[PDB]
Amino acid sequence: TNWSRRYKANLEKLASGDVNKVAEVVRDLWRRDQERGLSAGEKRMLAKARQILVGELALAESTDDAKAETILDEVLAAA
C-alpha cells in the first residue's frame, strides 16, 4: 500500500499538468530505476512523464517563438 500510495501520488502529479510536478515524477522514477530498477508499470509511467515533459517544453518554445514573431512583425511594420 506504500507502493500504491506512491503510484497514485505520481498519477495525480502527472494529471496536474504542472510541469514542475511532472518533473518530480521523472526525477523520482529515474532515480528509482538507477537504484532499485523499475517494474514494467513504472517504466511506462516514467515514459509518459517524459512525454508530458518534452511536450510541455515544445509547447513553451512554440509559445516563445510565436510571441517573438509577432513582436518582430510589429517592429518591421513600424519601419
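Note that residue numbering follows the sequence shown and begins at 1.
- Ranked against the other modelled residues of its chain, the C-alpha B-factor of residue 35 as given in the entry falls in the highest third.
- For residue 71, the recorded CA B-factor ranks within the highest third of the chain. Only modelled residues enter the ranking.
- Ranked by C-alpha B-factor against the other modelled residues of its chain, residue 18 falls in the highest third.
- When the modelled residues of the chain are ordered by their C-alpha B factor, residue 12 lands in the highest third.
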